[PDB]
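Novice: Here you go, query-v2.cif (mmCIF, C-alpha atoms):
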```cif
data_structure
loop_
_atom_site.label_atom_id
_atom_site.label_comp_id
_atom_site.auth_asym_id
_atom_site.auth_seq_id
_atom_site.Cartn_x
_atom_site.Cartn_y
_atom_site.Cartn_z
CA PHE U 300 -35.28 -29.89 0.50
CA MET U 301 -35.30 -26.20 -0.47
CA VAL U 302 -31.55 -25.55 -0.68
CA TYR U 303 -30.21 -22.86 -3.02
CA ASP U 304 -26.88 -21.08 -3.44
CA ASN U 305 -26.68 -17.30 -3.94
CA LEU U 306 -22.94 -16.55 -4.09
CA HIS U 307 -19.80 -18.55 -4.91
CA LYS U 308 -16.69 -16.47 -5.58
CA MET U 309 -12.94 -16.28 -4.98
CA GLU U 310 -10.72 -13.24 -4.39
CA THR U 311 -6.94 -12.93 -4.18
CA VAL U 312 -4.60 -10.27 -2.79
CA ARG U 313 -0.80 -9.97 -2.75
CA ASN U 314 1.47 -8.50 -0.07
CA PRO U 315 4.52 -6.84 -1.69
CA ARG U 316 6.41 -6.42 1.60
CA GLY U 317 6.02 -9.97 2.93
CA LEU U 318 5.83 -11.70 -0.47
CA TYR U 319 2.72 -13.82 0.04
CA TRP U 320 -0.74 -14.36 -1.43
CA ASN U 321 -4.05 -14.38 0.45
CA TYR U 322 -6.99 -16.30 -1.02
CA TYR U 323 -10.58 -15.83 0.17
CA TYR U 324 -13.45 -18.07 -0.96
CA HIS U 325 -16.93 -16.67 -0.27
CA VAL U 326 -20.01 -18.92 -0.16
CA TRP U 327 -23.53 -17.57 0.42
CA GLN U 328 -26.52 -19.92 0.47
CA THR U 329 -30.12 -20.36 1.57
CA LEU U 330 -31.02 -23.49 3.53
CA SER U 331 -34.64 -24.39 4.24
CA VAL U 332 -37.19 -27.20 4.12
CA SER U 333 -40.79 -27.23 2.90
CA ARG U 334 -43.68 -27.93 5.27
CA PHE U 335 -45.93 -28.95 2.35
CA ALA U 336 -43.96 -32.18 1.78
CA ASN U 337 -44.36 -35.48 3.60
CA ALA U 338 -41.73 -36.08 6.28
CA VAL U 339 -41.83 -38.96 8.79
CA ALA U 340 -39.22 -39.75 11.44
CA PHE U 341 -38.82 -43.05 13.30
CA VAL U 342 -37.94 -42.47 16.96
CA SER U 343 -36.99 -44.92 19.71
CA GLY U 344 -37.42 -43.93 23.35
CA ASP U 345 -39.84 -41.94 25.48
CA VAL U 346 -41.95 -39.87 23.07
CA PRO U 347 -44.90 -37.68 24.12
CA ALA U 348 -48.44 -38.80 23.40
CA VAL U 349 -49.11 -35.61 21.40
CA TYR V 101 21.78 15.51 -4.47
CA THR V 102 19.96 12.26 -3.69
CA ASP V 103 21.95 9.68 -1.73
CA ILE V 104 21.71 5.92 -1.16
CA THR V 105 19.25 4.20 1.17
CA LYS V 106 19.58 1.59 3.92
CA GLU V 107 18.88 -2.14 3.64
CA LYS V 108 16.18 -3.77 5.76
CA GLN V 109 15.82 -7.42 6.72
CA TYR V 110 13.15 -9.65 5.19
CA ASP V 111 10.22 -10.25 7.56
CA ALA V 112 7.07 -11.81 6.12
CA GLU V 113 5.12 -11.67 9.39
CA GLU V 114 6.03 -8.02 9.99
CA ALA V 115 5.13 -7.21 6.37
CA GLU V 116 1.45 -7.80 7.23
CA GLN V 117 0.87 -4.39 8.84
CA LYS V 118 3.67 -2.35 7.21
CA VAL V 119 2.81 -2.68 3.50
CA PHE V 120 1.79 1.00 3.28
CA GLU V 121 4.57 2.37 5.50
CA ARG V 122 6.57 5.26 4.05
CA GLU V 123 10.31 5.94 3.86
CA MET V 124 11.57 9.38 2.86
CA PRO V 125 14.54 9.42 0.45
CA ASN V 126 17.84 10.95 1.54
CA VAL V 127 18.04 14.28 -0.29
CA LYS V 128 20.40 17.19 0.39
CA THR V 129 20.46 20.70 -1.05
CA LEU V 130 22.97 23.53 -1.36
CA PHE V 131 22.51 27.18 -2.33
CA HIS V 132 24.92 29.62 -3.97
CA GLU V 133 24.45 33.40 -4.02
CA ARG V 134 26.09 36.34 -5.77
CA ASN V 135 29.28 37.51 -4.07
CA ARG V 136 31.31 40.09 -6.01
CA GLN V 137 30.20 43.56 -7.14
CA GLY V 138 33.17 45.74 -8.08
CA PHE V 139 34.36 48.35 -10.52
CA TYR V 140 37.58 49.89 -11.82
CA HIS V 141 37.90 53.66 -12.24
CA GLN V 142 40.34 55.52 -14.49
CA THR V 143 40.83 59.07 -15.75
CA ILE V 144 42.14 60.22 -19.14
CA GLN V 145 43.10 63.89 -19.48
CA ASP V 146 42.99 64.27 -23.26
CA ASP V 147 44.41 67.78 -23.60
CA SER V 148 46.87 67.46 -20.71
CA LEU V 149 48.32 64.34 -22.33
CA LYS V 150 48.21 65.74 -25.88
#
```
How does this structure look as structure tokens?

Specialist:
Amino acid sequence: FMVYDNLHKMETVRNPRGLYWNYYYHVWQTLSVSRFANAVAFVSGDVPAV
Amino acid sequence: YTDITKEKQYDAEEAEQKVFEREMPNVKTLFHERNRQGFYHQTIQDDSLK
């Protein structure tokens, strides 16, 4: 696993005419896997020869 | 002279797009100018009255 997180933040705004609060939660990440590591999968069914 | 304003009804859902709407105050003006320009004229005959 090569999972990292770049951004994690929260922002708030207020409407003075409607009297409510808006909350936004921003999440930015990188998701990847490494081909240099061993990884075997067990499969049942019709699998190709190669 | 600045006068009173008018009451609006609470509307949270309509407040979403009208937060920056404007409302001009009720202001009235009056002007006063100069009216009267007069004079009084009299004669005094000093010797004739002496």

Novice: Distance limit 6 Å, atoms considered: all atoms listed in the file. Which chain V residues sit that close to chain U? Return them as a ChimeraX atom specification.

Specialist: /V:112,115,119

Novice: If I take atom CA of residue U:324 and atom CA of residue U:303, how far is one from the other in Å, to one decimal?

Specialist: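 Between atom CA of residue U:324 and atom CA of residue U:303 the gap works out to 17.6 Å.
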
Novice: Write out as a PyMOL selection string which residues come within 9 Å of residue U:312 when counting only C-alpha atoms, dropping same-chain ones fewer than 4 positions away.

Specialist: chain U and resi 319-323

Novice: Could you tell me which residues the PyMOL selection byres ((chain V and resi 129) around 12) grabs in this file, written as an MDAnalysis selection string?

Specialist: chainID V and resid 101:103 126:128 130:132

Novice: Check the smallest atom-to-atom distance from each of U:325, U:340, U:330, U:349 to residue U:302 using all atoms listed in the file, then report the winner.

Specialist: U:330

Novice: One decimal, Å: what's the distance from atom CA of residue U:301 over to atom CA of residue U:329, could you say?

Specialist: 8.1 Å

Novice: Do a neighbour search on residue U:306 at 9 Å with all atoms listed in the file, toss out local chain neighbours closer than 5 positions, and write the hits as a PyMOL selection string.

Specialist: chain U and resi 325-328

Novice: In Å, rounded to a single decimal, give me how far atom CA of residue V:123 is from atom CA of residue V:111.

Specialist: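 If I compute the distance from atom CA of residue V:111 to atom CA of residue V:123, I get 16.6 Å.
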
Novice: For the PyMOL selection byres ((chain V and resi 106) around 10), applied here, can you spell out every residue it catches as a PyMOL selection string?

Specialist: chain V and resi 104-105+107-108+125-126

Novice: Store the residues picked out above in a file with C-alpha atoms, as a PDB file, in the coordinates of the input.

Specialist:
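What follows is the written file part.pdb:
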```pdb
ATOM      1  CA  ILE V 104      21.710   5.920  -1.160  1.00  0.00           C
ATOM      2  CA  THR V 105      19.250   4.200   1.170  1.00  0.00           C
ATOM      3  CA  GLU V 107      18.880  -2.140   3.640  1.00  0.00           C
ATOM      4  CA  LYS V 108      16.180  -3.770   5.760  1.00  0.00           C
ATOM      5  CA  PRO V 125      14.540   9.420   0.450  1.00  0.00           C
ATOM      6  CA  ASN V 126      17.840  10.950   1.540  1.00  0.00           C
TER       7      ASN V 126
END
```

Novice: Keeping just C-alpha atoms, export chain U of this structure as a tab-separated table (two decimals), in the first residue's frame.

Specialist:
```tsv
chain	number	residue	atom	x	y	z
U	300	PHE	CA	0.00	0.00	0.00
U	301	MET	CA	1.21	3.49	-0.98
U	302	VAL	CA	-1.61	5.60	0.47
U	303	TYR	CA	-0.94	9.17	1.60
U	304	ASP	CA	-3.10	12.16	2.50
U	305	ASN	CA	-2.31	15.66	1.21
U	306	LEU	CA	-5.14	17.84	2.56
U	307	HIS	CA	-7.61	17.60	5.46
U	308	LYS	CA	-9.40	20.84	6.32
U	309	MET	CA	-12.75	22.30	7.36
U	310	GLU	CA	-14.34	25.63	6.43
U	311	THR	CA	-17.49	27.33	7.72
U	312	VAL	CA	-19.69	30.15	6.40
U	313	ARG	CA	-22.75	31.89	7.83
U	314	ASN	CA	-25.82	33.25	6.03
U	315	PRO	CA	-27.11	36.39	7.80
U	316	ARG	CA	-30.39	36.49	5.85
U	317	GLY	CA	-31.44	32.86	6.31
U	318	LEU	CA	-29.72	32.32	9.68
U	319	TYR	CA	-27.85	29.11	8.95
U	320	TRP	CA	-24.31	27.71	8.89
U	321	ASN	CA	-22.66	25.82	6.03
U	322	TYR	CA	-19.79	23.43	6.82
U	323	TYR	CA	-17.44	22.06	4.16
U	324	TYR	CA	-14.88	19.32	4.86
U	325	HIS	CA	-12.17	18.95	2.20
U	326	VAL	CA	-10.13	15.75	1.86
U	327	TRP	CA	-7.34	15.35	-0.71
U	328	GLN	CA	-5.34	12.12	-0.92
U	329	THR	CA	-3.09	9.98	-3.10
U	330	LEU	CA	-4.01	6.31	-3.54
U	331	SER	CA	-1.61	3.88	-5.20
U	332	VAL	CA	0.04	0.47	-4.88
U	333	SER	CA	3.64	-0.60	-5.44
U	334	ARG	CA	4.56	-3.08	-8.18
U	335	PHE	CA	7.82	-3.96	-6.39
U	336	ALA	CA	5.96	-5.80	-3.61
U	337	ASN	CA	4.69	-9.38	-3.65
U	338	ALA	CA	0.96	-9.68	-4.34
U	339	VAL	CA	-0.85	-12.97	-4.98
U	340	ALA	CA	-4.58	-13.44	-5.57
U	341	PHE	CA	-6.52	-16.70	-5.31
U	342	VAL	CA	-9.16	-16.96	-8.04
U	343	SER	CA	-11.89	-19.55	-8.64
U	344	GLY	CA	-13.36	-19.97	-12.10
U	345	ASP	CA	-12.21	-19.85	-15.71
U	346	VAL	CA	-8.80	-18.16	-15.70
U	347	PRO	CA	-6.59	-17.75	-18.79
U	348	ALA	CA	-3.50	-19.90	-19.20
U	349	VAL	CA	-1.28	-16.79	-19.42
```
